[PDB]
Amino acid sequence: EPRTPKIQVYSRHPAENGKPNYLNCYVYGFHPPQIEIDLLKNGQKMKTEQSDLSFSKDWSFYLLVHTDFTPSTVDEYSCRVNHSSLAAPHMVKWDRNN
């Protein structure tokens, strides 16, 4: 019955190390609406900003969670997502080719 969310973790601009950018985590295609979305650096959650819950024509919702960040060779960024359709929280590491 519940629909599994699909996750995309990417940056707004073509990223270069040390240059400030905007990290984004785009979660979509899920149901029920209540979801846990977190952007982490080196395993700890960051202060995020989440858009307002809208849905597509197939009645599945989408959400955008974004923050400011500086791509670095020392720090690795991720995105955690927990849903009722998942047995355990999923994680997607960010890479410039995403």
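Numbering starts at 1 and runs along the sequence shown.
Across the two stretches, 46-54 and 30-38, the PDB entry reports the greater mean Cα temperature factor for 46-54.
For the segment pair 88-96 and 3-11, the entry gives 88-96 the higher mean B-factor, averaged over Cα atoms. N17 sits in the highest third of its chain by CA B factor, as recorded in the PDB entry. Sort the chain's modelled residues by C-alpha temperature factor and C79 lands in the middle third, per the entry.
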